[PDB]
Amino acid sequence: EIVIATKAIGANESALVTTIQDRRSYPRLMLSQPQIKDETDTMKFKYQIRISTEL
Amino acid sequence: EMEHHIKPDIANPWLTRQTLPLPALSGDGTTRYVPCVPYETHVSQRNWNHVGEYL
Amino acid sequence: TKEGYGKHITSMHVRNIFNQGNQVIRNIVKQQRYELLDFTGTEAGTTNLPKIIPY
Amino acid sequence: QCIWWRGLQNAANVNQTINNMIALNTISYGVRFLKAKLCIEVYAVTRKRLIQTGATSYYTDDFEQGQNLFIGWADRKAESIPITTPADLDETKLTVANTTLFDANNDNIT
Amino acid sequence: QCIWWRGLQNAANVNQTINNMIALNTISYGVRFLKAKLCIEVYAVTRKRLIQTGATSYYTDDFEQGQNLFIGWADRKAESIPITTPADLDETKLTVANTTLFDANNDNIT
DNA sequence: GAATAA
DNA sequence: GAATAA
DNA sequence: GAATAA
DNA sequence: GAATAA
């Protein structure tokens, strides 16, 4: 959260870049199927999808 | 008074992010002098008033 | 058509009923103690000296 | 958690938005990622229907519009994505073993 | 009727809520169970479709979204769950013989 | 912002 | 005081 | 300040 | 009571 770092700026100089920032928990995200026991193990699903990711 | 913030319902060893260790003294010293500083002085971010020099 | 009868039944929205690790318990450590302060002695902590409260 | 927003898992996924980005990272001293919006679109949900007589199996894929893709969140559990290569991170081929959005015991997934 | 709310049918089903509970049962002289809310969620209804020519059968599981899980209540009849082991009580493998939510004669189940 | 913050 | 409390 | 902040 | 009188 509290950043304390040294950026080089070449050899002759330095920057003690130093900030505070708000904490972000980023969970894990997953794309999975239903788990359905078949006579043999799980049913197998395969999804046709379009992810759309813009930043 | 203490609010004991109890554990998640699921392990997060990575949850120590917002945990801090106490101000415990660390060292081999059998005797340790725990500091007491009487006061935190108040200083101003205010500029002056009733200063005779005109500027 | 997908339909069924029930009581206290609803279309299934997001349910994860584990908290995201936010919970707070509050106890007060309570330590009443009858004590004596003896300055009448020559031994160690019994003297003319101020006896300390190490909060 | 990583940055796949450039679409690294294949170098085939570059659009001028990435190119525009590179030219800006050249003329820029610094940047902020202001917002990141992801939208999944499901065109199909298709299971493989397995018809098994003893000692034989007939395979066919069949549409299930009564089922759906689970987008899991791990909000109860500390977890990590292993990352190796820009390909190793892909919405598809990326996995962790012994991982299921459904546990017989404590389902830790929202 | 029993207590499976701890999830005994497998020791694999313990969450800190159970652990929190144990530590409270240690520091506590007494307890009340204030409310117990159960919620079933049905992700799928899947029959095994049996295709039978004479002297052979083809098996496949197929989604029925026109069918549904019956949650039965025995409100007309005196009945008991046999219990033996913490496993013997499971939402799945636990049964009583000659028991059906549908009787050809008097259907005693709400 | 009786323990001096013009 | 759909599960019968006149 | 469905993911427990009394 | 721009030359500092809180």
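The chains referred to below are lettered A, B, ... by the order of the sequence lines, with proteins before strands, and numbering in each begins at 1.
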Partners meeting side chain to side chain donor-acceptor pair (under 3.5 Å) with A:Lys46 (sequence neighbours left out):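 Here the qualifying residues are D:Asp61.
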Qualifying residues under side chain to side chain donor-acceptor pair (under 3.5 Å), relative to D:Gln52, sequence neighbours excluded: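 Here no residue qualifies.
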Shorter than 3.5 Å, N or O on both sides, protein versus nucleotides 3-5 of chain I: list them out with atom names.
unit_1: I:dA3; atom_1: OP2; unit_2: B:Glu53; atom_2: OE2; d: 3.0
unit_1: I:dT4; atom_1: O4'; unit_2: B:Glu53; atom_2: N; d: 3.3

ring-ring contact (aromatic ring centres under 6.0 Å, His included) against D:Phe70, all qualifying residues, sequence neighbours excluded: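 Partners of D:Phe70 by the ring-ring contact (aromatic ring centres under 6.0 Å, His included) criterion, ordered by chain and then number, come out as D:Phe102, E:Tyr43.
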Connected hydrophobic set around E:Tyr59, excluding itself, where side chains approach under 4.5 Å: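 Answer for E:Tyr59: E:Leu50.
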Which atom pairs, one a donor and one an acceptor, fall under 3.5 Å between side chains of residues 37-45 of chain A and the rest of the protein, sequence neighbours left out?
unit_1: A:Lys37; atom_1: NZ; unit_2: A:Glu39; atom_2: O; d: 3.3
unit_1: A:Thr42; atom_1: OG1; unit_2: A:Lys44; atom_2: NZ; d: 2.7

Residue whose nearest DNA chain F nucleotide is more 5′ - B:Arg46 or B:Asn49: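 Closer to the 5' end of DNA chain F: B:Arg46.
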